[PDB]
Each structure stands twice: as structure tokens, then as C-alpha cells.
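Visitor: Got a sequence here, can you build the structure:
(one chain, ligands or ions: 2)
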Amino acid sequence: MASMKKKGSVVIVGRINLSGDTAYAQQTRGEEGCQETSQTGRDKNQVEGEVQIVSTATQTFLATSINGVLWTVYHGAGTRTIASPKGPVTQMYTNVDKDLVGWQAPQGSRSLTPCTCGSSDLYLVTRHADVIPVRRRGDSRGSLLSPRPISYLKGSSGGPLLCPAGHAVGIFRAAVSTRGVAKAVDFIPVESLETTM
Ligand SMILES: COC(=O)N[C@H](C(=O)N[C@H]1CCCCC/C=C\[C@@H]2C[C@@]2(C(=O)NS(=O)(=O)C2(C)CC2)NC(=O)[C@@H]2C[C@@H](Oc3nc4cc(OC)ccc4nc3C)CN2C1=O)C(C)(C)C
Ligand SMILES: [Zn+2]
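Guide: Numbering: from 1, shown residues only. Ligands and ions are numbered 1, 2, ... in the order given. Sharing the structure here:
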């Protein structure tokens, strides 16, 4: 009882910069500072952009702001708080059935707008800032136009699928792999987020 520990917070450690003509990853906090920030829950770093790179003590993945909520996957974040300038912030959405969690979007972030285009030509953004064309194949499935080893997609759960106009269509959840090659992806449709809200 006396020695029971607490899990740390999720910490923003970087972002996928989509502000210009060239997408690229940026690191904003190193591993040591990440560990300290996870324990205190106090992160005074400036946040920018729509897609954050996030970490716990044991995992790293992505998180995406849509309509003022920073969304990610439950299999990355669990029920963890997120670190923020004034201390840890509790999830405002948790849905293990959808593999979805969300926190109020951090000050300085920018939010994507949910797609209403009804378009099936999509783009997946990875933690390495690769922009991967994806053809929508169902409510929660899309095929990669150019399949890639699952190694390429690992660590990108929580990232966005976007339409041609840059609206959010979904949150990347899982890869569909045959013999280690991802030919398709599974995503949380933005309509499920909009409902959750
Ligand atoms: C050939 O068989 C297949 O293809 N079968 C497919 C399949 O299992 N794919 C697996 C392949 C795993 C190989 C690597 C794939 C590369 C990237 C991948 C984007 C990521 C990701 O990057 N993660 S990550 O690295 O950031 C990380 C780890 C730090 C966070 N996502 C996952 O890894 C998810 C997690 C779990 O999926 C769910 N876990 C949960 C857990 C919950 O509570 C704990 C609640 C709901 C939930 N819902 C789930 C749907 C398995 N997974 C898959 O992708 C399907 C989806 C079953 C059809
Ligand atoms: Zn759209």
C-alpha cells in the first residue's frame, strides 16, 4: 500500500510539421526530459500544430487535434493523464471499445476539421512525416496504394487520415498485415469521434 506507484502522464515530445510545403518530424523534448515530465505531469513547452508525437515511459505514438480535442489510441495511452503547463490533465473521453481516448487540446495546438466531403481518396500521416495515399475501402478500412512493411507504420497509431482538402477523416488504429506487409489500415472514423463528443 505504502509503495504503490502511479503511472506517469503521456508527454508531447514532438510534432509532425504540416505547416509548409514539406512535411517533417520535429522533436521538442528528449528522452530524459520526457521521463521527468511524465512523472510530474508538468510540461511547460510550447505546443504547435495538429499532429503531436507523444510518449509514455514504454511507448511512443501520435495524437491528433480535431475540434478542440487531442485524440489518440487507448492501446497507447490507456487511462493516462497528459502533461500540461499546470499539471496532469484527465482524459475527457475514454472508449476502450473503439480504442479511443481524448484530452482537451493543449493551448497552442491547431485543430483539424472533420471531413464532410464524402471522398474516398485519403492520405495517412506517419510519425516519420510520410504522407501515404490510402483508398478508403469501408467505414473503417483503407488500402495502401503502395504497401509497406509494418515496421514503417509502427508508432503511428493516433495519427490522421486526411481527405484531399486536409480535413480529418479518421484516426489510424491498426495495420492489416499479410506476411509482415501492410496492404491496408484500420482507422477510427471521424464520425465516431464526433459522436463521442
Ligand atoms: C494479420 O493480422 C492482422 O493484421 N490483424 C489486425 C491487427 O491485429 N493489427 C495489429 C498489427 C500490429 C503490428 C504493427 C502494426 C503497425 C502499426 C500499427 C498502427 C498501430 C501502432 O503503431 N501502434 S503503436 O506502435 O503506435 C503502439 C503499440 C504504441 C501504441 N496499431 C497497433 O499496433 C494495434 C494495437 C492492437 O490493435 C488493437 N489494440 C487494442 C487495445 C485495447 O486496449 C488495450 C482496446 C482496443 C484495441 N483495438 C485494436 C485494433 C494490435 N494493432 C495492430 O496494428 C487487426 C486490426 C486485428 C485486423
Ligand atoms: Zn474533406
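Visitor: could you pull out the strands for the chain?
Guide: Ranges of strands in the chain, per DSSP state E, are 11-17, 24-27, 51-55, 60-66, 69-72, 93-95, 100-104, 121-125, 131-136, 141-149, 160-162, 168-178, 181-189.
Visitor: Walk me through the domains of this protein.
Guide: 1-112, 113-197 (curated CATH domains).
Visitor: Switch those domains over to TSV; also include mean neighbour count.
Guide: The C-beta positions use only the backbone N, C-alpha and C, and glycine is treated the same way. Formatted as TSV, the domains of the chain follow (neighbours: other C-beta atoms under 10 Å):
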stretch	mean neighbour count
domain 1-112	18
domain 113-197	18
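Visitor: As a markdown table, the strands of the chain with distance to ligand 2 would be great.
Guide: What follows is the strands of the chain, written out as a markdown table (distance: least, C-beta to the ion, whole Å):
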| stretch | distance to ligand 2 |
| --- | --- |
| strand 11-17 | 19 |
| strand 24-27 | 23 |
| strand 51-55 | 17 |
| strand 60-66 | 12 |
| strand 69-72 | 17 |
| strand 93-95 | 22 |
| strand 100-104 | 20 |
| strand 121-125 | 9 |
| strand 131-136 | 11 |
| strand 141-149 | 14 |
| strand 160-162 | 8 |
| strand 168-178 | 7 |
| strand 181-189 | 13 |
